[PDB]
Amino acid sequence: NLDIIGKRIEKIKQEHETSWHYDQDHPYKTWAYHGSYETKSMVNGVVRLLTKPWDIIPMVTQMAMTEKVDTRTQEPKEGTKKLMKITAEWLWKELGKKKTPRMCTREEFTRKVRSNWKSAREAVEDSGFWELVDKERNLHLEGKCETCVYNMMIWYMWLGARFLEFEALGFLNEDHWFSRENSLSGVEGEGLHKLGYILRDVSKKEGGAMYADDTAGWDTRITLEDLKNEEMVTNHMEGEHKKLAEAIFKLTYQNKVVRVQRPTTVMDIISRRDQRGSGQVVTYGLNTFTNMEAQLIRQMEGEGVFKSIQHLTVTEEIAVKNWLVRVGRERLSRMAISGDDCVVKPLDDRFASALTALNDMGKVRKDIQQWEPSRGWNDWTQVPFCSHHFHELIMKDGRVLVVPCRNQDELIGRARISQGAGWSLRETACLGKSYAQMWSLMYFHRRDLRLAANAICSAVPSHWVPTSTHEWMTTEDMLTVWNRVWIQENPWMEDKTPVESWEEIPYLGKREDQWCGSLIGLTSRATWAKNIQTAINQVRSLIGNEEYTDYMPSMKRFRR
Ligand SMILES: O=C(c1ccc2c(c1)OCO2)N1CCCCCC1
Ligand SMILES: [Cl-]
Ligand SMILES: [Zn+2]
Ligand SMILES: [Zn+2]
């Protein structure tokens with residue numbers, strides 16, 4: 001405990017010796033309190049002016065306006081712990097069959113920060129920072145830590161600590177350990193234009209309903225035995241790397257020090273050995289891994305591989321092992337897993353009431369009573385995954401698009417928001433164009449979004465570059481990007497005949513469009529569409545005398 005966190009806690013106190021108070025009214029129960037010290041959503045006008053009908057839709061307008069953590073997690077039973085240890089060991093070996101753990105480099109880290117001290121870019125160019133890094137590094141090589149502290153305001157750490165995390169664990173993301181080709185259940189690097197096709201291929205598999213249970217506060221349900229099963233990745237490493245990775249796991253993940261803003265204003269220095277604490281990218285990879293593990297074990301319970309989680313017999317151990325060796329890869333292929341998010345098509349519907357292992361691992365389902373069986377989906381096109389559902393859409397030439405979709409109020413509401421301020425008009429315009437190009441590539445099938453996207457791309461200078469997969473982040477023609485993404489590079493499309501205009505590219509049915517939140521039918525929407533050139537001209541007049549393209553004639557109704 002304090003042997004590992006003391007040094008860090010001692011350093012912060014000395015740096016604040018003129019304010020160190022052991023507040024006795026601290027509100028912490030599950031987090032260890034060590035001491036305390038003294039401390040102290042913007043609208044995108046370009047998108048909003050070109051989406052006037054949505055100015056009166058509360059779902060859109062309210063998006064721009066504005067205890068689970070402090071909880072414990074019962075230690076799993078012995079049988080649960082063994083199932084998780086056996087499953088983790090087997091899974092790291094499978095992920096490692098065609099991959100080589102390796103250190104990520106100051107070079108790789110520098111290039112990344114220079115493509116998204118005052119900013120981190122300045123520090124990456126300052127040798128003093130790398131000297132501070134080297135000090136902590138050599139410390140980590142000793143099994144000690146000084147500066148690796150979680151800074152809340154999602155816990156931000158100091159860039160150097162982030163570098164050490166990347167150096168030791170960045171390979172999981174950088175080398176695509178959770179790609180579908182390597183993990184079978186994963187979807188890292190796939191893209192929204194591929195997720196629907198993946199869910200459709202899972203559907204193809206003989207089995208029961210498709211289950212998509214969300215966990216309540218997954219990061220808060222991350223146990224120590226979870227963190228120890230994740231650390232077994234180090235048993236595939238060698239030399240300095242092994243030691244470095246081991247230090248990240250022991251000193252920064254399995255023992256954490258955090259600084260929390262408390263108004264009553266003071267900063268509190270609290271610690272904890274349990275819960276997800278790491279970079280949002282390492283967090284994603286380890287969430288995927290431990291979710292894959294949990295869902296394989298839930299599949300084991302459904303299929304009758306183990307009778308009880310209280311304790312595992314030796315025969316039950318060999319059975320779990322033979323199951324993993326005989327059908328584990330097939331079982332992973334029945335899943336789509338993105339961090340804490342999952343879709344499982346099990347062998348049959350016994351999975352729906354196989355809840356003992358899942359509840360005992362602490363991965364308790366959200367919005368359903370603890371022992372109530374899961375409600376599965378009979379149609380892959382209604383399954384939720386990564387905040388979307390997926391439609392099957394037949395082109396006038398009989399080729400099949402599987403397209404991503406969500407409630408259109410959510411799409412329009414997000415595009416109306418800019419994060420951080422100090423934005424020039426030009427930068428606000430380039431963010432608006434990023435959303436419009438995304439809509440043209442992923443949501444072309446929604447009448448209002450194709451129209452609003454064309455309007456935004458007409459109102460913003462043709463050569464301005466979209467700012468902040470993301471194949472929509474380019475100045476290339478959007479039709480040529482469409483063709484590359486949906487035809488040329490689409491492994492589900494046998495016929496590679498390119499599309500010659502936007503009018504070849506279909507929409508959802510009018511009623512389906514309305515069901516997913518379209519405003520077609522409304523007189524507000526009809527007036528908006530009819531007079532769109534006037535809205536386009538309002539924004540052109542604000543930006544000024546620049547080179548503009550009219551993209552509206554790409555649509556049949558404006559092709560006049
Ligand atoms: O016929 C239409 C319709 C109206 C305006 C449109 C449109 C379709 O496409 C572009 O502008 N509706 C609207 C709601 C859907 C069910 C059928 C009725
Ligand atoms: Cl259904
Ligand atoms: Zn450290
Ligand atoms: Zn939809």
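Numbering of ligands and ligand atoms starts at 1, following listing order. Below, all heavy atoms of this structure are taken into account, side chains as well, without hydrogens, waters or symmetry copies. Numbers here are sequence positions counted from 1.
One finds the CD atom of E10 at 11.5 Å from the NE2 atom of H34 (value rounded to the nearest 0.5 Å). We find the CZ-CE distance between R259 and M157 to be 10.5 Å, quoted to the nearest 0.5 Å.
With ring centers used as reference points, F289 lies under 6.0 Å from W92. Taking the ring centroids of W130 and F163, they lie under the 6.0 Å cut-off.
With sequence neighbours excluded, no residue satisfies ring pair (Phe, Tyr, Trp, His ring centres under 6.0 Å) with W377.
For the Zn ion (ligand 3), the N/O/S atoms of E136 include one lying under 2.8 Å.
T30 and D70 form a side-chain donor-acceptor contact under 3.5 Å, judged by distance and modelled atom types alone.
Nearest to atom 6 (C) of ligand 1 by heavy atom, out of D513, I520, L451, is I520. Taking only non-hydrogen atoms, the option from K556, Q514, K510, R447 nearest to atom 12 (N) of ligand 1 is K510.
Here the Zn ion (ligand 4) has protein N, O or S atoms under 2.8 Å from it, and they come to 4.
Nearest protein heavy-atom contact of atom 4 (C) of ligand 1 is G521 N, 3.8 Å. In terms of protein heavy atoms, atom 11 (O) of ligand 1 is closest to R525 NH1, 3.5 Å.
For atom 18 (C) of ligand 1, the nearest protein heavy atom lies 4.0 Å or farther away.
Expressed to the nearest 10°, the angle at the Zn ion (ligand 3) joining SG in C145 with SG in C148 is 110°.
Cation-pi check for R450 over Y443 is not met; the charged atom does not lie both under 6.0 angstrom from the ring centroid and within 45 degrees of its normal.
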Report the C-alpha separation of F444 and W486 in whole Å, then their side-chain angles, then the decisive distance to 0.1 Å, and conclude whether the ring-ring contact (aromatic ring centres under 6.0 Å, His included) test is met.
CA-CA 12 Å; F444 46 93; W486 288 104; 5.5 Å; yes

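Without hydrogens or angle criteria, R406 side chain to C516 main chain gives no donor-acceptor distance under 3.5 Å.
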